[PDB]
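Coordinates as given in coords-v5.pdb (PDB, C-alpha atoms):
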```pdb
ATOM      1  CA  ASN R  35      11.413 -31.197  -7.130
ATOM      2  CA  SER R  36       9.669 -31.259 -10.516
ATOM      3  CA  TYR R  37       6.284 -30.008 -11.703
ATOM      4  CA  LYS R  38       3.460 -32.514 -12.075
ATOM      5  CA  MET R  39       3.158 -32.949 -15.839
ATOM      6  CA  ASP R  40       0.824 -35.959 -15.906
ATOM      7  CA  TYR R  41      -2.500 -34.149 -15.793
ATOM      8  CA  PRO R  42      -4.791 -35.387 -18.602
ATOM      9  CA  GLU R  43      -3.661 -32.522 -20.866
ATOM     10  CA  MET R  44      -0.216 -30.904 -21.167
ATOM     11  CA  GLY R  45      -2.080 -27.627 -21.707
ATOM     12  CA  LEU R  46      -2.636 -24.858 -24.239
ATOM     13  CA  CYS R  47      -0.012 -23.368 -26.493
ATOM     14  CA  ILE R  48      -1.213 -20.009 -27.797
ATOM     15  CA  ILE R  49       0.824 -18.613 -30.712
ATOM     16  CA  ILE R  50       0.259 -14.971 -31.652
ATOM     17  CA  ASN R  51       1.894 -14.349 -35.000
ATOM     18  CA  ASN R  52       1.966 -10.717 -36.135
ATOM     19  CA  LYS R  53       3.324 -10.331 -39.638
ATOM     20  CA  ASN R  54       1.563  -7.339 -41.152
ATOM     21  CA  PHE R  55       1.001  -4.078 -39.331
ATOM     22  CA  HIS R  56      -1.329  -1.157 -40.006
ATOM     23  CA  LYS R  57       0.241   1.307 -42.450
ATOM     24  CA  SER R  58      -0.280   4.203 -40.054
ATOM     25  CA  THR R  59       2.008   2.620 -37.460
ATOM     26  CA  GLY R  60       4.913   2.654 -39.901
ATOM     27  CA  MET R  61       5.942  -0.836 -38.767
ATOM     28  CA  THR R  62       7.557  -3.165 -41.333
ATOM     29  CA  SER R  63       6.198  -6.545 -42.312
ATOM     30  CA  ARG R  64       7.953  -9.380 -40.517
ATOM     31  CA  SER R  65       9.016 -11.689 -43.369
ATOM     32  CA  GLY R  66       9.878 -15.158 -42.120
ATOM     33  CA  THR R  67       7.505 -15.133 -39.172
ATOM     34  CA  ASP R  68       5.146 -17.670 -40.781
ATOM     35  CA  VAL R  69       8.048 -20.146 -40.799
ATOM     36  CA  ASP R  70       8.447 -19.655 -37.030
ATOM     37  CA  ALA R  71       4.740 -20.062 -36.388
ATOM     38  CA  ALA R  72       4.554 -23.309 -38.395
ATOM     39  CA  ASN R  73       7.679 -24.680 -36.713
ATOM     40  CA  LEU R  74       6.296 -23.787 -33.277
ATOM     41  CA  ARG R  75       2.966 -25.420 -34.061
ATOM     42  CA  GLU R  76       4.612 -28.719 -35.012
ATOM     43  CA  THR R  77       7.099 -28.590 -32.166
ATOM     44  CA  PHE R  78       4.444 -28.106 -29.502
ATOM     45  CA  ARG R  79       1.969 -30.512 -31.145
ATOM     46  CA  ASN R  80       4.596 -33.219 -30.737
ATOM     47  CA  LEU R  81       4.963 -32.280 -27.073
ATOM     48  CA  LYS R  82       1.189 -32.870 -26.810
ATOM     49  CA  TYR R  83       0.078 -29.256 -26.409
ATOM     50  CA  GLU R  84      -3.264 -28.056 -27.699
ATOM     51  CA  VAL R  85      -1.978 -25.435 -30.136
ATOM     52  CA  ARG R  86      -3.993 -22.411 -31.234
ATOM     53  CA  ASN R  87      -2.448 -20.161 -33.881
ATOM     54  CA  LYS R  88      -3.613 -16.526 -34.080
ATOM     55  CA  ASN R  89      -2.454 -14.202 -36.897
ATOM     56  CA  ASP R  90      -2.305 -10.382 -37.185
ATOM     57  CA  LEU R  91      -4.073  -9.333 -33.977
ATOM     58  CA  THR R  92      -4.709  -5.739 -32.962
ATOM     59  CA  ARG R  93      -3.636  -4.559 -29.522
ATOM     60  CA  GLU R  94      -7.182  -5.000 -28.271
ATOM     61  CA  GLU R  95      -7.589  -8.482 -29.796
ATOM     62  CA  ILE R  96      -4.394  -9.587 -28.028
ATOM     63  CA  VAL R  97      -5.669  -8.320 -24.676
ATOM     64  CA  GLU R  98      -9.102  -9.902 -25.229
ATOM     65  CA  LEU R  99      -7.529 -13.221 -26.305
ATOM     66  CA  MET R 100      -5.352 -13.401 -23.191
ATOM     67  CA  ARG R 101      -8.193 -12.382 -20.880
ATOM     68  CA  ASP R 102     -10.430 -15.084 -22.372
ATOM     69  CA  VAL R 103      -7.773 -17.808 -22.199
ATOM     70  CA  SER R 104      -7.052 -16.897 -18.574
ATOM     71  CA  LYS R 105     -10.743 -17.374 -17.787
ATOM     72  CA  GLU R 106     -10.800 -20.893 -19.204
ATOM     73  CA  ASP R 107     -10.796 -23.848 -16.827
ATOM     74  CA  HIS R 108      -7.233 -25.197 -16.862
ATOM     75  CA  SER R 109      -7.886 -27.709 -14.075
ATOM     76  CA  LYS R 110      -7.036 -30.721 -16.250
ATOM     77  CA  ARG R 111      -3.990 -29.070 -17.839
ATOM     78  CA  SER R 112      -0.381 -29.355 -16.594
ATOM     79  CA  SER R 113       0.954 -26.074 -17.887
ATOM     80  CA  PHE R 114       0.352 -23.072 -20.111
ATOM     81  CA  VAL R 115       2.437 -21.757 -23.030
ATOM     82  CA  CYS R 116       2.097 -18.440 -24.855
ATOM     83  CA  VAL R 117       4.324 -17.510 -27.817
ATOM     84  CA  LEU R 118       4.442 -13.905 -29.016
ATOM     85  CA  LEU R 119       5.953 -13.164 -32.448
ATOM     86  CA  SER R 120       6.013  -9.438 -33.249
ATOM     87  CA  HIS R 121       7.842  -6.151 -33.160
ATOM     88  CA  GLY R 122       8.603  -4.898 -29.677
ATOM     89  CA  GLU R 123      10.482  -2.532 -27.400
ATOM     90  CA  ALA R 124      11.453  -2.705 -23.727
ATOM     91  CA  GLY R 125       8.462  -4.169 -21.877
ATOM     92  CA  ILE R 126       6.276  -4.036 -24.972
ATOM     93  CA  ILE R 127       4.973  -6.301 -27.745
ATOM     94  CA  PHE R 128       3.153  -4.765 -30.717
ATOM     95  CA  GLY R 129      -0.340  -5.507 -31.879
ATOM     96  CA  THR R 130      -0.937  -4.659 -35.526
ATOM     97  CA  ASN R 131      -2.177  -1.188 -34.574
ATOM     98  CA  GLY R 132      -0.112  -0.319 -31.484
ATOM     99  CA  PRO R 133       1.726  -1.551 -28.383
ATOM    100  CA  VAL R 134       0.610  -3.941 -25.641
ATOM    101  CA  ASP R 135       2.383  -3.914 -22.272
ATOM    102  CA  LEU R 136       3.700  -7.406 -21.558
ATOM    103  CA  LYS R 137       2.873  -6.999 -17.851
ATOM    104  CA  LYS R 138      -0.787  -6.460 -18.757
ATOM    105  CA  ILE R 139      -0.842  -9.741 -20.711
ATOM    106  CA  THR R 140       1.019 -11.766 -18.112
ATOM    107  CA  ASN R 141      -1.011 -10.370 -15.193
ATOM    108  CA  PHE R 142      -4.109 -12.270 -16.340
ATOM    109  CA  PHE R 143      -2.246 -15.450 -15.375
ATOM    110  CA  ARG R 144      -1.050 -14.503 -11.862
ATOM    111  CA  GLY R 145      -1.513 -17.153  -9.184
ATOM    112  CA  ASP R 146      -4.418 -15.224  -7.676
ATOM    113  CA  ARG R 147      -6.151 -14.363 -10.980
ATOM    114  CA  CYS R 148      -6.051 -17.690 -12.812
ATOM    115  CA  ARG R 149      -6.665 -20.220 -10.064
ATOM    116  CA  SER R 150      -6.681 -23.279 -12.338
ATOM    117  CA  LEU R 151      -3.063 -22.480 -13.254
ATOM    118  CA  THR R 152      -1.881 -21.767  -9.675
ATOM    119  CA  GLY R 153       1.251 -23.878  -9.016
ATOM    120  CA  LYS R 154       1.689 -24.824 -12.665
ATOM    121  CA  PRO R 155       4.381 -23.517 -15.021
ATOM    122  CA  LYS R 156       3.320 -20.585 -17.211
ATOM    123  CA  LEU R 157       5.758 -20.148 -20.087
ATOM    124  CA  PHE R 158       5.980 -17.020 -22.214
ATOM    125  CA  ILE R 159       8.194 -17.274 -25.282
ATOM    126  CA  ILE R 160       8.888 -13.940 -26.932
ATOM    127  CA  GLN R 161      10.420 -13.154 -30.302
ATOM    128  CA  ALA R 162      10.509  -9.353 -30.449
ATOM    129  CA  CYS R 163      13.044  -6.583 -30.134
ATOM    130  CA  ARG R 164      13.747  -5.162 -26.680
ATOM    131  CA  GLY R 165      15.361  -1.968 -27.885
ATOM    132  CA  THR R 166      17.770  -0.880 -30.606
ATOM    133  CA  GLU R 167      21.206  -1.935 -29.368
ATOM    134  CA  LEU R 168      23.336  -4.155 -31.602
ATOM    135  CA  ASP R 169      25.859  -6.706 -30.309
ATOM    136  CA  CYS R 170      29.155  -6.453 -32.206
ATOM    137  CA  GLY R 171      30.451  -9.608 -30.566
ATOM    138  CA  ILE R 172      34.022 -10.544 -29.740
ATOM    139  CA  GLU R 173      36.327 -13.001 -31.523
ATOM    140  CA  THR R 174      37.039 -16.279 -29.718
ATOM    141  CA  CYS R 184      -1.280 -13.303   2.582
ATOM    142  CA  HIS R 185      -1.364 -16.604   0.751
ATOM    143  CA  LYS R 186       1.001 -19.549   0.596
ATOM    144  CA  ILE R 187       2.785 -19.020  -2.736
ATOM    145  CA  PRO R 188       3.728 -15.735  -4.437
ATOM    146  CA  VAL R 189       1.381 -14.593  -7.224
ATOM    147  CA  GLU R 190       4.429 -14.040  -9.444
ATOM    148  CA  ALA R 191       5.743 -17.586  -8.964
ATOM    149  CA  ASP R 192       5.842 -20.265 -11.679
ATOM    150  CA  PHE R 193       6.400 -17.909 -14.624
ATOM    151  CA  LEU R 194       9.229 -18.382 -17.139
ATOM    152  CA  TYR R 195       9.991 -15.843 -19.875
ATOM    153  CA  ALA R 196      12.138 -17.189 -22.674
ATOM    154  CA  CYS R 197      13.142 -13.955 -24.417
ATOM    155  CA  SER R 198      14.848 -14.026 -27.800
ATOM    156  CA  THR R 199      17.426 -11.355 -27.004
ATOM    157  CA  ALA R 200      19.155  -9.454 -24.163
ATOM    158  CA  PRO R 201      17.469  -6.417 -22.561
ATOM    159  CA  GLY R 202      17.912  -3.306 -24.682
ATOM    160  CA  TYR R 203      18.801  -5.172 -27.889
ATOM    161  CA  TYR R 204      17.327  -5.787 -31.328
ATOM    162  CA  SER R 205      16.324  -9.381 -32.057
ATOM    163  CA  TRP R 206      17.185 -10.963 -35.420
ATOM    164  CA  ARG R 207      14.897 -12.708 -37.910
ATOM    165  CA  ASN R 208      15.824 -14.242 -41.236
ATOM    166  CA  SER R 209      13.206 -13.669 -43.945
ATOM    167  CA  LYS R 210      13.808 -17.140 -45.391
ATOM    168  CA  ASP R 211      14.663 -19.295 -42.354
ATOM    169  CA  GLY R 212      12.674 -17.549 -39.629
ATOM    170  CA  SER R 213      13.979 -15.924 -36.437
ATOM    171  CA  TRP R 214      17.288 -17.089 -34.978
ATOM    172  CA  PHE R 215      15.745 -17.742 -31.569
ATOM    173  CA  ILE R 216      12.645 -19.637 -32.691
ATOM    174  CA  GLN R 217      14.668 -21.710 -35.211
ATOM    175  CA  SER R 218      17.007 -22.692 -32.379
ATOM    176  CA  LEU R 219      14.300 -23.214 -29.737
ATOM    177  CA  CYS R 220      12.420 -25.638 -31.984
ATOM    178  CA  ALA R 221      15.580 -27.534 -32.944
ATOM    179  CA  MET R 222      16.599 -27.951 -29.317
ATOM    180  CA  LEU R 223      13.125 -28.999 -28.182
ATOM    181  CA  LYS R 224      12.976 -31.589 -30.971
ATOM    182  CA  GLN R 225      16.418 -32.930 -30.004
ATOM    183  CA  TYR R 226      16.294 -32.710 -26.197
ATOM    184  CA  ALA R 227      12.709 -32.568 -24.903
ATOM    185  CA  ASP R 228      12.916 -36.316 -24.168
ATOM    186  CA  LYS R 229      16.263 -35.979 -22.357
ATOM    187  CA  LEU R 230      16.811 -32.615 -20.660
ATOM    188  CA  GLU R 231      15.101 -30.365 -18.102
ATOM    189  CA  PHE R 232      13.711 -27.175 -19.737
ATOM    190  CA  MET R 233      16.313 -24.778 -18.281
ATOM    191  CA  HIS R 234      19.050 -26.952 -19.757
ATOM    192  CA  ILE R 235      17.254 -27.021 -23.124
ATOM    193  CA  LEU R 236      17.064 -23.217 -23.052
ATOM    194  CA  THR R 237      20.769 -22.993 -22.192
ATOM    195  CA  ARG R 238      21.507 -25.028 -25.318
ATOM    196  CA  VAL R 239      19.315 -22.567 -27.228
ATOM    197  CA  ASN R 240      21.432 -19.736 -25.799
ATOM    198  CA  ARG R 241      24.588 -21.430 -27.033
ATOM    199  CA  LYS R 242      23.160 -22.227 -30.469
ATOM    200  CA  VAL R 243      21.999 -18.623 -31.059
ATOM    201  CA  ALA R 244      25.228 -17.162 -29.640
ATOM    202  CA  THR R 245      27.622 -19.327 -31.650
ATOM    203  CA  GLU R 246      25.927 -20.303 -34.922
ATOM    204  CA  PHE R 247      24.327 -17.048 -36.047
ATOM    205  CA  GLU R 248      25.786 -13.772 -37.253
ATOM    206  CA  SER R 249      24.064 -11.116 -39.317
ATOM    207  CA  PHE R 250      24.943 -10.418 -42.926
ATOM    208  CA  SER R 251      24.053  -6.980 -44.279
ATOM    209  CA  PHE R 252      25.109  -4.585 -47.033
ATOM    210  CA  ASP R 253      24.567  -1.920 -44.362
ATOM    211  CA  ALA R 254      27.682  -1.763 -42.167
ATOM    212  CA  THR R 255      25.688  -0.597 -39.146
ATOM    213  CA  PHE R 256      23.796  -3.900 -39.224
ATOM    214  CA  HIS R 257      26.480  -6.252 -40.488
ATOM    215  CA  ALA R 258      28.293  -8.981 -38.505
ATOM    216  CA  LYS R 259      26.109  -8.667 -35.413
ATOM    217  CA  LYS R 260      25.430 -11.247 -32.711
ATOM    218  CA  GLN R 261      22.616 -12.222 -30.346
ATOM    219  CA  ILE R 262      22.206 -13.852 -26.945
ATOM    220  CA  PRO R 263      18.757 -14.913 -25.709
ATOM    221  CA  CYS R 264      17.701 -14.181 -22.147
ATOM    222  CA  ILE R 265      16.065 -16.741 -19.869
ATOM    223  CA  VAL R 266      14.026 -15.241 -17.047
ATOM    224  CA  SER R 267      12.910 -17.858 -14.542
ATOM    225  CA  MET R 268      10.512 -17.485 -11.644
ATOM    226  CA  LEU R 269       9.920 -21.246 -11.746
ATOM    227  CA  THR R 270       9.935 -23.152  -8.450
ATOM    228  CA  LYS R 271      10.440 -26.667  -9.835
ATOM    229  CA  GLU R 272      12.189 -28.489 -12.663
ATOM    230  CA  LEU R 273      10.176 -28.811 -15.851
ATOM    231  CA  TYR R 274      10.279 -31.986 -17.953
ATOM    232  CA  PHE R 275       8.114 -32.560 -21.001
ATOM    233  CA  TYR R 276       8.408 -36.346 -20.703
TER     234      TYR R 276
ATOM    235  CA  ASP N   2      18.598 -10.951 -41.931
ATOM    236  CA  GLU N   3      16.249  -8.288 -40.513
ATOM    237  CA  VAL N   4      15.635  -6.806 -36.973
ATOM    238  CA  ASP N   5      12.150  -6.926 -35.121
TER     239      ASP N   5
END
```
Can you give me the file's structure in the form of structure tokens?
Amino acid sequence: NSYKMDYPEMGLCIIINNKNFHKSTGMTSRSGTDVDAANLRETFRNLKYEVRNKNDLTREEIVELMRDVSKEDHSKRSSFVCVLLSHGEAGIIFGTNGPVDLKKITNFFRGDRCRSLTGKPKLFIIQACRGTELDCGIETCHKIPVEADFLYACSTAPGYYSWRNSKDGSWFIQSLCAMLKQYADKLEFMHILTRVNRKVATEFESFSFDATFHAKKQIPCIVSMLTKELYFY
Amino acid sequence: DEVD
């Protein structure tokens, strides 16, 4: 009923942290993202993941990184974690010089394409916009599918902007790290992520001099194709 | 607060 998490290694945690984008793209610098990346590094280090931080990657460097990691031998590793911190749109995360399709990235890890991860949880944690909607809130052959064992922990609902504080980091990553620190020794991962949903939904609200962007809310979106319960302990 |  739960994934085997007592392989010799918990696995890799790849963190792609895009802060500065090529001028020609017109994309703004993502102030606060270094806070997220540092928090994520410490959070996952404590969970015994082998963390690799990558900063300011082009669209082709992202693809090449993911391809290479998917070709590593993960036989001794329990799981795989990839964190993407960038601008985005529906289905898309941005490299510093242009977009990468998320499906292209995740496909490298399919059950038939990365055999040393077949049957093990593959977790993709994404802090990026998924569109431009704002939430105004309301007061008060084979044997297993190749798409199985993926979880996407998305920072925001489909179609919506995702919020990041330039001083504190992104709402979602702040909350995800806090909940993992507090509950990773107590709760199954889906229940941890539900607590993240509640923390983001209840404790954060945007403040802006621009009325269009002021007093806005956010709900993260858990997408699970997992087949077992996931415990980090 | 900023959007991504």
message: With all atoms listed in the file considered, list every residue of chain R at most 7 Å from chain N, as a VMD selection string.
response: chain R and resid 120 to 122 162 to 163 204 to 209 249 to 250
- prompt: Excluding same-chain residues fewer than 3 positions from residue 156 in chain R, what lies within 8 Å of it counting all atoms listed in the file, as number ranges by chain?
  reply: R: 113-115, 143, 151, 192-194
- prompt: CA of residue 155 in chain R to CA of residue 129 in chain R: how many Å, to one decimal?
  reply: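 Atom-to-atom, CA of residue 155 in chain R to CA of residue 129 in chain R, that is 25.1 Å.
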task: Using all atoms listed in the file, determine which residues lie at most 7 Å from residue 235 in chain R, disregarding the query and same-chain residues fewer than 6 positions distant; provide the list as a list in words.
output: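 Listed by chain and then number, they are residues 222, 223 and 226 of chain R.
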task: Select, counting all atoms listed in the file, all protein, DNA and RNA residues no farther than 12 Å from (-10.0, -9.7, -20.0) in file coordinates, and express the selection as a ChimeraX atom specification.
output: /R:94-106,138-143,147-148
Non-local contacts of residue 218 in chain R (10 Å; all atoms listed in the file; under 4 positions in same chain excluded) as a VMD selection string: chain R and resid 212 to 214 222 to 224 236 238 to 243 246 to 247
task: Have a look at CA of residue 234 in chain R and CA of residue 45 in chain R and let me know their distance in Å, one decimal.
output: 21.2 Å
- prompt: Could you write out as a VMD selection string the residues that the PyMOL selection byres ((chain R and resi 267) around 9) matches in the shown file?
  reply: chain R and resid 192 to 196 233 265 to 266 268 to 270
- prompt: Rounded to one decimal in Å, what is the spacing between CA of residue 55 in chain R and CA of residue 131 in chain R?
  reply: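 Atom-to-atom, CA of residue 55 in chain R to CA of residue 131 in chain R, that is 6.4 Å.
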message: To test your reading of the syntax: which residues would the PyMOL selection byres ((chain R and resi 38) around 12) return for the file shown? Reply as a list in words.
response: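 So the PyMOL selection byres ((chain R and resi 38) around 12) ends up selecting residues 35, 36, 37, 39, 40, 41, 42, 43, 44, 110, 111, 112, 113, 153, 154, 155, 270, 271, 272, 273, 274, 275 and 276 of chain R.
Between residue 133 in chain R and the residues R:199, R:61, R:73, R:185, the shortest atom-to-atom distance, using all atoms listed in the file, involves R:61.
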Enclose all atoms of range 254-262 of chain R listed in the file in an axis-aligned box, grow every side by 5 Å, and hand back centre and edge lengths in Å to one decimal, as AutoDock Vina command-line options.
```
--center_x 25.2 --center_y -7.2 --center_z -34.6 --size_x 16.1 --size_y 23.3 --size_z 25.2
```
